[PDB]
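The file query32.cif contains mmCIF, C-alpha atoms and all ligand atoms:
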```cif
data_input
#
loop_
_atom_site.group_PDB
_atom_site.id
_atom_site.type_symbol
_atom_site.label_atom_id
_atom_site.label_comp_id
_atom_site.auth_asym_id
_atom_site.auth_seq_id
_atom_site.Cartn_x
_atom_site.Cartn_y
_atom_site.Cartn_z
ATOM 1 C CA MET W 1 -19.811 6.295 6.574
ATOM 2 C CA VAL W 2 -20.048 8.847 3.783
ATOM 3 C CA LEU W 3 -19.614 12.606 3.919
ATOM 4 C CA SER W 4 -22.063 14.874 2.150
ATOM 5 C CA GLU W 5 -20.784 17.336 -0.469
ATOM 6 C CA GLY W 6 -21.581 20.098 2.007
ATOM 7 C CA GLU W 7 -19.280 18.472 4.570
ATOM 8 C CA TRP W 8 -16.502 18.043 1.973
ATOM 9 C CA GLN W 9 -16.877 21.754 1.153
ATOM 10 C CA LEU W 10 -16.237 22.730 4.798
ATOM 11 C CA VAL W 11 -13.218 20.414 4.849
ATOM 12 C CA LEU W 12 -11.720 21.697 1.611
ATOM 13 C CA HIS W 13 -12.455 25.330 2.511
ATOM 14 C CA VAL W 14 -10.295 25.242 5.627
ATOM 15 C CA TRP W 15 -7.686 23.102 3.856
ATOM 16 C CA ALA W 16 -7.310 25.824 1.220
ATOM 17 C CA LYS W 17 -6.259 28.144 4.066
ATOM 18 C CA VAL W 18 -3.848 25.529 5.409
ATOM 19 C CA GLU W 19 -2.312 25.431 1.933
ATOM 20 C CA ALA W 20 -1.335 29.100 2.125
ATOM 21 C CA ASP W 21 1.470 27.879 4.416
ATOM 22 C CA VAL W 22 1.909 24.119 4.287
ATOM 23 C CA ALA W 23 5.330 24.091 5.977
ATOM 24 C CA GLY W 24 4.148 26.255 8.910
ATOM 25 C CA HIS W 25 1.095 24.116 9.521
ATOM 26 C CA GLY W 26 3.164 20.929 9.243
ATOM 27 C CA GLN W 27 5.532 22.181 11.902
ATOM 28 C CA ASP W 28 2.715 23.158 14.265
ATOM 29 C CA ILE W 29 0.978 19.836 13.809
ATOM 30 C CA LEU W 30 3.966 17.544 14.272
ATOM 31 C CA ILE W 31 5.150 19.586 17.255
ATOM 32 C CA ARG W 32 1.694 19.476 18.839
ATOM 33 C CA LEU W 33 1.648 15.707 18.286
ATOM 34 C CA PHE W 34 5.068 15.216 19.913
ATOM 35 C CA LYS W 35 4.227 17.456 22.839
ATOM 36 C CA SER W 36 0.791 15.997 23.547
ATOM 37 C CA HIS W 37 1.829 12.363 23.036
ATOM 38 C CA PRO W 38 5.630 12.115 23.429
ATOM 39 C CA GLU W 39 5.575 8.384 22.774
ATOM 40 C CA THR W 40 4.808 9.128 19.123
ATOM 41 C CA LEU W 41 8.175 10.861 18.689
ATOM 42 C CA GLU W 42 9.853 7.565 19.564
ATOM 43 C CA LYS W 43 8.534 6.123 16.330
ATOM 44 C CA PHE W 44 10.733 8.508 14.336
ATOM 45 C CA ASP W 45 14.374 7.393 14.485
ATOM 46 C CA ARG W 46 14.994 10.449 12.324
ATOM 47 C CA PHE W 47 13.651 12.895 14.905
ATOM 48 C CA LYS W 48 13.661 11.222 18.306
ATOM 49 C CA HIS W 49 16.789 13.027 19.452
ATOM 50 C CA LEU W 50 14.923 16.392 19.431
ATOM 51 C CA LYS W 51 14.471 17.358 23.098
ATOM 52 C CA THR W 52 12.448 20.569 23.129
ATOM 53 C CA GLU W 53 9.889 22.486 21.078
ATOM 54 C CA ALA W 54 12.623 24.938 20.306
ATOM 55 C CA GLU W 55 14.801 22.254 18.741
ATOM 56 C CA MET W 56 11.784 20.954 16.863
ATOM 57 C CA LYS W 57 10.976 24.395 15.440
ATOM 58 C CA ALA W 58 14.574 24.880 14.365
ATOM 59 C CA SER W 59 14.744 21.542 12.527
ATOM 60 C CA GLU W 60 14.654 22.098 8.774
ATOM 61 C CA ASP W 61 14.361 18.322 8.360
ATOM 62 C CA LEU W 62 11.236 18.150 10.542
ATOM 63 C CA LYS W 63 9.766 21.047 8.584
ATOM 64 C CA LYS W 64 10.422 19.170 5.325
ATOM 65 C CA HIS W 65 8.737 16.069 6.695
ATOM 66 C CA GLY W 66 5.752 18.087 7.859
ATOM 67 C CA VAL W 67 5.310 19.318 4.282
ATOM 68 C CA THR W 68 5.454 15.716 3.040
ATOM 69 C CA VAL W 69 2.839 14.625 5.604
ATOM 70 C CA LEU W 70 0.325 17.409 4.946
ATOM 71 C CA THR W 71 0.744 17.159 1.168
ATOM 72 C CA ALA W 72 -0.080 13.437 1.318
ATOM 73 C CA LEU W 73 -3.083 14.107 3.571
ATOM 74 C CA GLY W 74 -4.268 16.949 1.379
ATOM 75 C CA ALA W 75 -4.222 14.661 -1.662
ATOM 76 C CA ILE W 76 -6.366 12.160 0.256
ATOM 77 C CA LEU W 77 -8.853 14.823 1.403
ATOM 78 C CA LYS W 78 -9.174 16.231 -2.123
ATOM 79 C CA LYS W 79 -10.337 12.790 -3.342
ATOM 80 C CA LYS W 80 -13.402 13.300 -1.099
ATOM 81 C CA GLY W 81 -13.496 9.684 -0.041
ATOM 82 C CA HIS W 82 -12.284 8.127 -3.321
ATOM 83 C CA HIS W 83 -8.860 7.613 -1.861
ATOM 84 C CA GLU W 84 -8.237 3.910 -2.293
ATOM 85 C CA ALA W 85 -5.176 4.434 -4.521
ATOM 86 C CA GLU W 86 -3.603 6.973 -2.208
ATOM 87 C CA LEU W 87 -4.247 4.845 0.859
ATOM 88 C CA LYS W 88 -2.340 1.804 -0.405
ATOM 89 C CA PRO W 89 1.271 3.015 -0.180
ATOM 90 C CA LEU W 90 0.577 4.978 2.983
ATOM 91 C CA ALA W 91 -1.035 2.010 4.750
ATOM 92 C CA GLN W 92 1.717 -0.322 3.623
ATOM 93 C CA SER W 93 4.609 1.788 4.866
ATOM 94 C CA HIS W 94 2.908 2.801 8.102
ATOM 95 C CA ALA W 95 1.776 -0.694 8.962
ATOM 96 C CA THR W 96 4.888 -2.579 7.822
ATOM 97 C CA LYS W 97 7.880 -0.309 7.961
ATOM 98 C CA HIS W 98 7.014 2.374 10.518
ATOM 99 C CA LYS W 99 4.590 0.322 12.658
ATOM 100 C CA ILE W 100 2.204 3.126 13.488
ATOM 101 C CA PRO W 101 -0.814 1.939 15.484
ATOM 102 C CA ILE W 102 -4.273 3.358 14.688
ATOM 103 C CA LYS W 103 -4.180 4.989 18.105
ATOM 104 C CA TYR W 104 -1.305 7.198 16.901
ATOM 105 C CA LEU W 105 -3.242 8.144 13.760
ATOM 106 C CA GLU W 106 -5.989 9.206 16.169
ATOM 107 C CA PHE W 107 -3.425 11.336 18.029
ATOM 108 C CA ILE W 108 -2.265 13.112 14.883
ATOM 109 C CA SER W 109 -5.922 13.676 13.897
ATOM 110 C CA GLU W 110 -6.363 15.380 17.280
ATOM 111 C CA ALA W 111 -3.263 17.529 16.580
ATOM 112 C CA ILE W 112 -4.557 18.511 13.123
ATOM 113 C CA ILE W 113 -7.870 19.547 14.618
ATOM 114 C CA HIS W 114 -6.179 21.500 17.396
ATOM 115 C CA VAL W 115 -3.954 23.474 15.011
ATOM 116 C CA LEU W 116 -6.750 24.274 12.551
ATOM 117 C CA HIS W 117 -8.956 25.371 15.482
ATOM 118 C CA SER W 118 -6.140 27.675 16.686
ATOM 119 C CA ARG W 119 -5.154 29.149 13.323
ATOM 120 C CA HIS W 120 -8.494 29.308 11.466
ATOM 121 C CA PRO W 121 -11.271 29.973 13.963
ATOM 122 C CA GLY W 122 -13.437 31.704 11.413
ATOM 123 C CA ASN W 123 -13.223 28.803 8.949
ATOM 124 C CA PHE W 124 -13.116 26.130 11.584
ATOM 125 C CA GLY W 125 -16.311 26.701 13.563
ATOM 126 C CA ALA W 126 -18.260 23.776 15.047
ATOM 127 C CA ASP W 127 -19.797 22.557 11.783
ATOM 128 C CA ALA W 128 -16.458 22.762 9.945
ATOM 129 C CA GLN W 129 -14.637 20.948 12.743
ATOM 130 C CA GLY W 130 -17.328 18.268 12.721
ATOM 131 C CA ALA W 131 -16.857 17.811 8.969
ATOM 132 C CA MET W 132 -13.047 17.567 9.302
ATOM 133 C CA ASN W 133 -13.387 15.044 12.116
ATOM 134 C CA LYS W 134 -15.744 13.029 9.917
ATOM 135 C CA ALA W 135 -13.239 13.136 7.039
ATOM 136 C CA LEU W 136 -10.408 12.046 9.349
ATOM 137 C CA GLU W 137 -12.543 9.287 10.906
ATOM 138 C CA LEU W 138 -13.301 7.961 7.393
ATOM 139 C CA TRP W 139 -9.592 8.006 6.533
ATOM 140 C CA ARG W 140 -8.745 6.176 9.773
ATOM 141 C CA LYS W 141 -11.525 3.672 9.197
ATOM 142 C CA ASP W 142 -10.265 2.849 5.726
ATOM 143 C CA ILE W 143 -6.618 2.828 6.839
ATOM 144 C CA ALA W 144 -7.527 0.448 9.695
ATOM 145 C CA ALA W 145 -9.268 -1.900 7.217
ATOM 146 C CA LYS W 146 -6.201 -1.829 4.962
ATOM 147 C CA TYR W 147 -3.938 -2.463 7.978
ATOM 148 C CA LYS W 148 -5.964 -5.609 8.680
ATOM 149 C CA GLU W 149 -5.666 -6.740 5.049
ATOM 150 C CA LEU W 150 -1.907 -6.173 5.297
ATOM 151 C CA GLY W 151 -1.631 -8.274 8.454
ATOM 152 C CA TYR W 152 -1.132 -5.547 11.046
ATOM 153 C CA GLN W 153 -4.484 -4.079 12.150
ATOM 154 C CA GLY W 154 -2.494 -2.282 14.855
HETATM 155 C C1 LIG R 201 -2.016 12.298 8.707
HETATM 156 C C2 LIG R 201 -1.250 11.089 8.975
HETATM 157 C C3 LIG R 201 -0.002 10.806 8.354
HETATM 158 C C4 LIG R 201 0.349 10.959 7.056
HETATM 159 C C5 LIG R 201 -0.534 11.484 5.919
HETATM 160 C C6 LIG R 201 1.715 10.458 6.933
HETATM 161 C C7 LIG R 201 2.452 10.516 5.773
HETATM 162 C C8 LIG R 201 3.755 10.099 5.651
HETATM 163 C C9 LIG R 201 4.490 10.158 4.424
HETATM 164 C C10 LIG R 201 3.948 10.627 3.081
HETATM 165 C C11 LIG R 201 5.712 9.638 4.675
HETATM 166 C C12 LIG R 201 6.843 9.404 3.653
HETATM 167 C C13 LIG R 201 6.572 8.164 2.746
HETATM 168 C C14 LIG R 201 6.214 6.905 3.547
HETATM 169 O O1 LIG R 201 7.090 6.351 4.248
HETATM 170 O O2 LIG R 201 5.035 6.473 3.485
HETATM 171 C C15 LIG R 201 5.713 9.264 6.076
HETATM 172 C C16 LIG R 201 6.789 8.669 6.730
HETATM 173 C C17 LIG R 201 6.786 8.299 8.064
HETATM 174 N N1 LIG R 201 5.703 8.412 8.913
HETATM 175 FE FE1 LIG R 201 3.939 9.166 8.525
HETATM 176 N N2 LIG R 201 2.184 9.971 8.125
HETATM 177 C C18 LIG R 201 1.132 10.189 9.001
HETATM 178 C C19 LIG R 201 1.156 9.873 10.351
HETATM 179 C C20 LIG R 201 2.225 9.295 11.018
HETATM 180 C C21 LIG R 201 2.266 9.097 12.457
HETATM 181 C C22 LIG R 201 1.130 9.429 13.437
HETATM 182 C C23 LIG R 201 3.498 8.556 12.736
HETATM 183 C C24 LIG R 201 4.105 8.287 13.997
HETATM 184 C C25 LIG R 201 3.411 8.270 15.277
HETATM 185 C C26 LIG R 201 4.170 8.425 11.452
HETATM 186 C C27 LIG R 201 5.471 7.965 11.313
HETATM 187 C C28 LIG R 201 6.189 7.972 10.130
HETATM 188 C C29 LIG R 201 7.581 7.599 10.036
HETATM 189 C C30 LIG R 201 8.460 7.081 11.176
HETATM 190 C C31 LIG R 201 7.950 7.837 8.765
HETATM 191 C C32 LIG R 201 9.344 7.776 8.206
HETATM 192 C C33 LIG R 201 10.105 9.082 8.513
HETATM 193 C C34 LIG R 201 11.518 9.033 7.990
HETATM 194 O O3 LIG R 201 12.371 8.416 8.656
HETATM 195 O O4 LIG R 201 11.748 9.594 6.905
HETATM 196 N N3 LIG R 201 3.404 8.914 10.406
HETATM 197 N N4 LIG R 201 4.509 9.550 6.682
#
```

Structure translated into structure tokens:
Amino acid sequence: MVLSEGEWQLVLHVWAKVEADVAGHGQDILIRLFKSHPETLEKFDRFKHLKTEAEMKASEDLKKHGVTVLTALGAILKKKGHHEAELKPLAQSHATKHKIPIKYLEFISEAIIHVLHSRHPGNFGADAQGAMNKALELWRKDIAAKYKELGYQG
């Protein structure tokens, strides 16, 4: 799979809006992930004690991590598919240290799409959402291939 330049433009256009408030978007996305698929929170020993959305919103540490997550993803998206170097450390830690199955990367992709759809309707219409999904599917495809090379393919 390969995105067209037009599709990358739709992806980077909405991401530029996300970048106006990376911490806010990171919070919304991680919270949406934990609420929609609670089992994913169990993978974070650092955050699994958080019981409610209120506690999650109040956690400065979770906000910091959300910034770290979206900044790493933004760097990958900005490579427009040429993300082999960026994917290596991410795939290694998530496959070997954190043990995050592809299914959970699908769940966070769903959360990212939900939050962008909610916050940026004008810049996240059907075509833009389709382009973002394509970019995230490409990332997941390549991450899954790297997982397999690393001995996890989970
Ligand atoms: C858009 C997808 C994601 C990105 C870009 C991402 C990025 C990162 C980054 C940059 C770090 C810090 C450095 C590292 O350990 O590699 C990290 C740590 C971690 N990630 Fe992810 N991650 C993603 C999805 C997930 C998901 C879905 C889970 C769990 C279901 C997960 C669980 C973890 C855990 C447990 C850590 C360590 C947290 C800590 O204790 O500090 N990640 N992630």

Within-6 Å residues of ligand LIG 201 (chain R), basis only C-alpha atoms and all ligand atoms, as an MDAnalysis selection string: chainID W and resid 40 43:44 46 68:69 72:73 90 93 98 100 104:105 108

Picked residues, the PyMOL selection byres (((chain W and resi 27) around 10) and not hetatm), expected as a VMD selection string: chain W and resid 22 to 26 28 to 33 56 to 60 62 to 67 70

State, in Å with one decimal place, the distance from CA of residue 91 (chain W) to CA of residue 144 (chain W). 8.3 Å

Counting only C-alpha atoms, which residues in region 57-93 of chain W sit no more than 10 Å from region 118-137 of chain W? For each one, give the nearest pair of atoms and the distance in Å, sorted by chain then residue number, as a tab-separated table.
```
residue	atom	partner	partner_atom	distance
W:73	CA	W:136	CA	9.6
W:76	CA	W:135	CA	9.7
W:77	CA	W:135	CA	7.3
W:80	CA	W:135	CA	8.1
W:81	CA	W:135	CA	7.9
```

Please save C-alpha atoms of the selected residues as a PDB file, in the frame of the given file.
```
ATOM      1  CA  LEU W  73      -3.083  14.107   3.571  1.00  0.00           C
ATOM      2  CA  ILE W  76      -6.366  12.160   0.256  1.00  0.00           C
ATOM      3  CA  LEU W  77      -8.853  14.823   1.403  1.00  0.00           C
ATOM      4  CA  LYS W  80     -13.402  13.300  -1.099  1.00  0.00           C
ATOM      5  CA  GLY W  81     -13.496   9.684  -0.041  1.00  0.00           C
TER       6      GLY W  81
END
```

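Nearest-residue note for residue 99 (chain W): choosing from W:9, W:36, W:153, W:4, the minimum distance belongs to W:153, counting only C-alpha atoms.
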